[PDB]
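What follows is each chain in one-letter form.
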Amino acid sequence: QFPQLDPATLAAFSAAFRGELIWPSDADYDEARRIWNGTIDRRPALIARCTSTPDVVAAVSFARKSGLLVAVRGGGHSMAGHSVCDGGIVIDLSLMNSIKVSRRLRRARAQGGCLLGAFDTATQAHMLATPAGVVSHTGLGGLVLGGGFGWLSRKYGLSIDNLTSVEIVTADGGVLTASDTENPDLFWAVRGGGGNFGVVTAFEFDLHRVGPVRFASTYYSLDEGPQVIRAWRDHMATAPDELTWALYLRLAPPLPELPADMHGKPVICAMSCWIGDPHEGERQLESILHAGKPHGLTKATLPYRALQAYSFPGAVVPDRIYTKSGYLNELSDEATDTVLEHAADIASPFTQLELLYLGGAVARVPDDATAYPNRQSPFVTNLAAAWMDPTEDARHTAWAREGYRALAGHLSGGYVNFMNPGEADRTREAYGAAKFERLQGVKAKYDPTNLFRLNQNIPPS
Amino acid sequence: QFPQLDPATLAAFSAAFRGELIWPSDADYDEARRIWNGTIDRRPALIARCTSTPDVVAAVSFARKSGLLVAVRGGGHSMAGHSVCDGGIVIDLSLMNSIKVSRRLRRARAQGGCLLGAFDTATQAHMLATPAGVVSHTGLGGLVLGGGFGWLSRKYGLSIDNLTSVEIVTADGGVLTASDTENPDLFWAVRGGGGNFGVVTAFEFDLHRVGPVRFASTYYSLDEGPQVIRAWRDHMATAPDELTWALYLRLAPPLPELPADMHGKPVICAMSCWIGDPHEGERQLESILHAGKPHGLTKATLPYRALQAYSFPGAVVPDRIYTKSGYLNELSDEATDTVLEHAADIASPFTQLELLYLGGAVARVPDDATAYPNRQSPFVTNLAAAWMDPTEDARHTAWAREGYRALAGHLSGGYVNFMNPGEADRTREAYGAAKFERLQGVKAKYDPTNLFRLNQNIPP
Ligand SMILES: Cc1cc2nc3c(=O)[nH]c(=O)nc-3n(C[C@H](O)[C@H](O)[C@H](O)COP(=O)(O)OP(=O)(O)OC[C@H]3O[C@@H](n4cnc5c(N)ncnc54)[C@H](O)[C@@H]3O)c2cc1C
Ligand SMILES: Cc1cc2nc3c(=O)[nH]c(=O)nc-3n(C[C@H](O)[C@H](O)[C@H](O)COP(=O)(O)OP(=O)(O)OC[C@H]3O[C@@H](n4cnc5c(N)ncnc54)[C@H](O)[C@@H]3O)c2cc1C
């Protein structure tokens, strides 16, 4: 926390760095060191709030020369707590939030500290968009480096499936461009390989015209759980790419569109949208609303930016979280009953068991085309415990582990962006042998000293 | 657009500047110089995309020493076309988009090139908010400098009502902080005085906790205009601050919630929300949804970031715009009949005659407390023509001038942020005589040479 640093190397850093520094003595230190996973409480020796690529260069070099453990933070959403370290440096990108958008080229160049909401605002000024996650205050940086999925994915792929190049500052402090024609080995590995390979300071995306989106959300009783999940599973097997439909098993939020009788009870929250013409969307969405008896139905036609900003409306932002996730190739009747059993035990108002269906454009990309594993597994499940009181940490986490272990025979792989702080040992199984090996090769070449290790880490061969 | 420039001056600029420069022969020049108002087609000598306060200092100094006319651009939304110039320099702030939010202090610090949706995204990470306009790709910069109202304004006041300081780069190239206790004269004037005083590089705002908001939108046939508008004006006179309710007279959008038989027909779009508990919200909104026979009802409970991003679902972004706007102290029956007459002439899809009701927290601030005029006038009406084809410019433009002149007997003042490119002459009437005089005194102190004149200009 207060390590001795060489004064000369510190002075050099300072003259070269135009951003803001935050030291452990400063009034804003405790707030700046907080990340969205409030169970992570770590005290860096320094927070370096970078404002340009040269800033990031100066910070990487200063960390390398100084031997400080490097944490890189984009939006701070790491479910594993990777964006803050004890005793090291946080290379904080959050003030690097610029997006340039060319309407004529349908192209966006976004800085590596951008929030999704900032990105979506900029592109939707021209009615353009590309795929990213569903929660507006997520960081673009960590999400895209992991793959990145959300509302537009079945139609347009992962965020990485629309990435055309990056600017990246590597461990030696060099700046590189990686694309299909420049450093293509590196460009393959950052598309799903995390922060393993250097600090991405700029992402370039291809964009799509995305007009108003017919959206519906509704709640079903858990009593109809088997019928609704089976309807969903079967429907999605053959659904148009334009339909996206997610199920979130949760306590029903105390909202006026729901009967007060249902408040605080476990329910299925079904969220769905049609990426395409809204009169077609009305017809498609209507055909799936009656999976069970619907309650608290909201239907609306939203600009895409509002659909992005919609998840997940509540009075409280949860302080503490714990996730256990994996992919499924098939969702059997026995797996569904497991899901529903564990759902009924849910305790916190903020906890959910989510069941996502990917496939569509995501699956049509050849497996070896990026470092993202598991394109062929269309289902994702996430036991996302979330709560407030730290005295309850044991009970919440036990809930998520029990559900995972009960589902374990059905699960395969794992999305790097959904790993928790105790899942370092999941990296090889999540990527697979062929992928984990080619990633190690690229690690050996670009970060042979493993300067970047506060991520779902790939050690160099 | 290709002036002769001094090599020493230019070299000084280059050395001190760390942003991106765009010259006329660059491939991204034509796209960079386009602003929201597509009727404004202008060619600067230079576009300087600043990336920090010292960038802005360098660009201001350079423009002053070169005698380049200065345009300042935050989000490019100027209804008057002020953010681009022929032959000058555009100090383009769009890359200065960062926001720091303290949860513990309920405070944010936003750079001068931020977009509303970026600001709202950052503060809503902590369930916090402060009032701003209703379209997210609007620039925070020009919006706040002229006042700024939107959904949270009845409860929480104008954007400026929540501003506690600014960092500003003045015409002589100095950097200054202005607040209630530091250069308070300048702090009074930037709250409503536009970009007249320098380039704001950071805005600091107090925030409020804003959770899920109950929201409703519905359409009424224009036939029921007299009773709908009367219901609205009478109800807003005594409405809780928590309720915001606006009317948009327009051709009905081809949305699936509206019957096919109303598409493109003359309607009132009523948009409302309750800033407060959503169960109370459901009750209050139910009470106003039958002002006439409702059609195409949407009700949702939305995070505030989604309410902000909502205005408005449409598949085409309008290229050309022209606005005529005023305040009303009262909306009589004859004024009502006048607006309904002119709304029935709307014969194209993207134009709106908007009818807003402000008051609440906005009218509770003493009138001399900021440079924003017209706090005691609750109504704003905006004839907002919007269209695509340049050959139609004269027809749309005429529609809006005709409505404004028919209403002119009822109208007073004007919101600076709704002025068209031909309304330079309205500045005095907008502010009123006492404000405009206090404003010219501040202008003589901070911008005596009127370097910053591409705004609703206040000469010193
Ligand atoms: C509420 C919530 C909702 C989510 N929803 C979705 C979703 O819908 N879809 C989805 O795909 N994912 C989603 N996620 C998971 C998310 O993708 C990961 O948490 C992601 O890692 C967050 O990125 P970030 O920059 O905010 O996080 P950080 O904690 O800042 O960073 C995460 C990791 O990326 C590295 N990193 C970040 N930026 C850079 C950069 N510019 N260059 C190099 N390395 C970098 C960090 O070192 C760290 O290892 C969500 C997360 C949260 C908390
Ligand atoms: C679709 C749309 C919706 C709108 N809705 C609302 C609304 O709901 N409520 C509302 O109050 N207003 C609203 N407006 C009006 C808006 O407030 C003005 O158009 C505002 O001037 C736009 O700010 P800007 O930075 O985007 O524009 P710009 O064209 O970039 O700038 C406008 C003026 O501000 C100056 N300027 C901009 N940034 C700075 C800065 N950082 N420092 C100094 N000078 C600066 C410019 O020189 C120019 O004179 C809206 C505008 C549009 C186009």
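The record lists X-ray crystallography as the method behind this PDB entry and 1.95 Å as its resolution.

Identification of chain B as Putative FAD-dependent oxygenase EncM from Streptomyces maritimus is taken from the PDB entry. Listed in the archive, the entry goes by the title "The crystal structure of EncM". Checking UniProt for chain B, the heading Sequence similarities (unreviewed entry) contains the comment "Belongs to the oxygen-dependent FAD-linked oxidoreductase family." Checking UniProt for chain B, the heading Cofactor (unreviewed entry) contains the comment "FAD".

Chain A is annotated in the PDB entry as Putative FAD-dependent oxygenase EncM of Streptomyces maritimus. Note on chain A: under the UniProt heading Sequence similarities (unreviewed entry), the record states "Belongs to the oxygen-dependent FAD-linked oxidoreductase family." Under the UniProt heading Cofactor (unreviewed entry), the entry covering chain A gives this text: "FAD".

A. Quick peek at the side chain of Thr 381 of chain B. Residues and elements named next belong to chain B. With respect to the element layout, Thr 381 can be found in strand β18 (residues 379-387). Among the polar contacts made by the side chain of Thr 381, one reaches the main-chain carbonyl oxygen of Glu 354 at a distance of 3.4 Å. Leave out the neighbours within four places in its chain, and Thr 381 touches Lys 324, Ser 325, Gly 326, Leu 328, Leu 353, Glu 354, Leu 355 and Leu 411.

B. Here's a closer look at the interface of chain B and chain A. The partner chain A presents 53 residues to the 53 residues of chain B that form the contact. Summing both partners gives a buried area of about 4300 Å² for chain B against chain A, and 57% of it is carried by carbon and sulfur. In this structure, the connection of chain B to chain A is made through four salt bridges. Put simply, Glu 257 of chain A and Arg 214 of chain B hold a salt bridge, and the shortest N to O gap is 3.7 Å.

C. The site of ligand 2, seen in detail. All names here are of chain B. What surrounds ligand 2 is a group of 33 residues, the closest being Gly 74, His 77, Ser 83, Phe 149 and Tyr 415. Backbone polar atom of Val 72 to an oxygen atom of ligand 2: 3.0 Å apart, as the coordinates give it. A distance of 3.0 Å separates an oxygen atom of ligand 2 from a polar atom in the backbone of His 77. Within the complex, the protein chains bury 93% of what would otherwise be the 940 Å² of accessible surface of ligand 2. Within the residue set of the shell around ligand 2, elements represented by two or more residues are β3 (70-73), α5 (140-145) and β10 (199-206). It is α5 that contributes the most residues to the shell around ligand 2, four residues altogether. When the residues that make up the shell around ligand 2 are grouped by side-chain class, the tally is 14 nonpolar, 18 polar and one charged.

D. Quick peek at helix α4 (residues 116-124) of chain B. Across the nine residues that make up α4 of chain B, a large majority, nine, are buried. Of the positions making up α4 of chain B, those classed as buried are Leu 116, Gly 117, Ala 118, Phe 119, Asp 120, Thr 121, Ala 122, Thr 123 and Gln 124 of chain B.

E. Structural context of the UniProt feature "domain: FAD-binding PCMH-type" (unreviewed entry) in chain A. The UniProt record annotates "domain: FAD-binding PCMH-type" (unreviewed entry) at residues 40-210 of chain A. Helix makes up 24% of residues 40-210 of chain A and strand 26%, and the two end C-alpha atoms of the span are 37 Å apart.

F. Looking closely at the domain arrangement of chain B. Residue and element names in this part refer to chain B. Domain boundaries assigned for chain B yield domain 1 (19-97), domain 2 (98-209 + 420-447) and domain 3 (210-419). Its C-alpha centre places domain 2 at a distance of 24 Å from the equivalent point of domain 3. Contact residues are listed per partner, giving 43 residues for domain 2 and 52 residues for domain 3. Here domain 2 meets domain 3 over a buried area of about 3900 Å², counting both sides, of which 56% is carbon and sulfur. Contact with domain 3 buries surface across domain 2, with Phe 149, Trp 151 and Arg 154 losing the most and accounting together for 28% of the total. Linking domain 2 to domain 3 there are three salt bridges. If you list the elements that add at least two residues to the side of domain 2 that touches domain 3, you get α4, α5, α6 (153-156), α7 (184-190), β11 (208-209), α13 (427-431) and α14 (433-446). Considering every element that reaches the side of domain 2 that touches domain 3, the biggest residue donor is α6, with four residues. Grouping the constituent residues of the side of domain 2 that touches domain 3 by class yields 18 nonpolar, 14 polar and 11 charged.

G. Layout of the sheet that holds strand β3 (residues 70-73) of chain A. Residue and element names in this part refer to chain A. Strand order in this open sheet of four strands is β1-β2-β4-β3, and the pairing throughout is mixed. Only two strands of the sheet have a single partner each, and these edge strands are β1 (20-22) and β3. Here the strands of the sheet are splayed against their neighbours by 20° on average, with no regard to which way each runs. Taken strand by strand, helix α3 (residues 53-66) contacts β2 (46-49), β3 and β4 (89-92), and its axis lies near 165° from that of β4.

H. Spotlight on the sheet that holds strand β4 (residues 89-92) of chain B. Residue and element names in this part refer to chain B. If you walk across this open sheet you meet the four strands as β1-β2-β4-β3, and the pairing is mixed. Taken across any chain shown, the strands that pair with only one partner, and hence form the sheet edges, are β1 (20-22) and β3. With strand direction ignored, the average angle separating the axes of adjacent strands in the sheet is 20°. For strand β2 (residues 46-49) and β4, the ladder comprises four bridges, and the chain directions are parallel. Among the inter-strand pairings, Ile 47 is bridged to a residue of β4, identified as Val 90.

I. Quick peek at unusual backbone geometry. A cis amide bond links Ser 311 of chain A to the next residue, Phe 312 of chain A, at an omega of 0°. Within the element layout of this structure, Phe 312 of chain A appears in the loop between α10 (304-310) and β16 (320-328). Within the chain, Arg 106 of chain B stands out as a residue other than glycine whose phi angle is a positive 45°.

J. Here's a closer look at the site of ligand 1. All names here are of chain A. Around ligand 1 there are 33 residues in total, and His 77, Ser 83, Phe 149, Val 200 and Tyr 415 lie nearest to it. The backbone of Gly 74 places a nitrogen or oxygen atom 2.8 Å from an oxygen atom of ligand 1. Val 200 is positioned such that a nitrogen or oxygen atom in its backbone is 2.8 Å from a nitrogen atom of ligand 1. Burial of ligand 1 by the surrounding chains reaches 93%, relative to a free accessible area of 950 Å². The biggest single contributor to the shell around ligand 1 is helix α5 (residues 140-146), with four residues. Here the shell around ligand 1 is composed, by residue class, of 14 nonpolar, 18 polar and one charged.

K. Broad picture of the pairing of strand β18 (residues 379-387) of chain A. Residue and element names in this part refer to chain A. Of all nine residues making up β18, nine are buried, and the element is well covered by its neighbours. Burial along β18 is two-sided: the residues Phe 379, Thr 381, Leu 383, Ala 385 and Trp 387 and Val 380, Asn 382, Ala 384 and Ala 386 are all buried. Both β16 and β18 contribute to a ladder of nine bridges, which runs antiparallel. Among the inter-strand pairings, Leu 328 is bridged to a residue of β18, identified as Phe 379.

L. Seen up close, the UniProt feature "domain: FAD-binding PCMH-type" (unreviewed entry) in chain B. In the numbering used here, UniProt assigns the "domain: FAD-binding PCMH-type" (unreviewed entry) feature to residues 40-210 of chain B. Taken end to end, residues 40-210 of chain B is 23% helix and 26% strand, and its first and last C-alpha atoms sit 37 Å apart.

M. Region of interest: the pattern of salt bridges. Applying the stated rule across the entire model yields 45 salt bridges over all chains. The closest approach of N and O atoms between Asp 333 of chain A and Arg 233 of chain A, which form a salt bridge, is 2.8 Å. Residue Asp 333 of chain A is found in helix α11 (residues 333-344), and its partner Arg 233 of chain A is found in helix α8 (residues 225-237); the two are separated by 100 residues along the sequence. Residue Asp 333 of chain A is classed as partly exposed on the basis of its relative accessible area, which comes to 29%. The salt bridge involving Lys 443 of chain A is made with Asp 447 of chain A; its shortest N-O contact spans 3.2 Å. Here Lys 443 of chain A falls in the buried class, since its relative accessible area comes to 0%. Under the relative-accessibility criterion, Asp 447 of chain A is labelled buried at 0%. The network of salt bridges with common partners includes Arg 214, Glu 282, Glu 286 and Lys 299 of chain A together with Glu 257 of chain B.

N. Structural detail: the packing of helix α4 (residues 116-124) of chain A against α4 of chain B. Running from N to C, α4 of chain A and α4 of chain B point in directions that differ by 160°, and their axes come no closer than 8 Å. The angle between α4 of chain A and α4 of chain B falls in the class roughly antiparallel. Like other packed secondary-structure pairs, α4 of chain A and α4 of chain B cross with a definite hand, here right-handed. Contacts from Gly 117, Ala 118 and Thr 121 of chain A in α4 of chain A reach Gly 117, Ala 118 and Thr 121 of chain B in α4 of chain B. Per-class residue counts for the contact of α4 of chain A with α4 of chain B are two nonpolar, four polar and no charged.

What counts and how
Residues numbered from 1 in each chain as written, not as in the entry; some residues may be left out. Chains lettered and ligands numbered in written order. Heavy atoms only, no water. UniProt positions renumbered as here; feature names shortened; annotations may be inferred. Helix = DSSP H or I, 4+ residues; strand = E, 2+ residues; numbered from the N terminus. Polar contact = N/O pair within 3.5 Å; in protein donor to acceptor, adjacent residues only side chain to side chain. Contact = heavy atoms within 4.5 Å. Buried area = accessible area lost by both parts, 1.4 Å probe. Salt bridge = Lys/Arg side-chain N within 4 Å of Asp/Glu carboxyl O. Near = heavy atom within 4 Å. Areas by Shrake-Rupley, 256 points an atom, 1.4 Å probe, with all protein chains shown as cover. Nonpolar A, V, L, I, M, F, W, Y, C, P; charged D, E, K, R; others polar. Buried < 20%, exposed > 50% of the residue type's maximum accessible area, 1.4 Å probe, protein only. Domains from an automatic or database assignment. Pairing = 2+ DSSP bridges. Axes fitted to C-alpha atoms, helices over the stretch in contact; angles between N-to-C directions. Parallel < 35°, antiparallel > 145°, perpendicular 65-115°, else oblique. Left-handed = near helix turned anticlockwise from the far one by under 90°.

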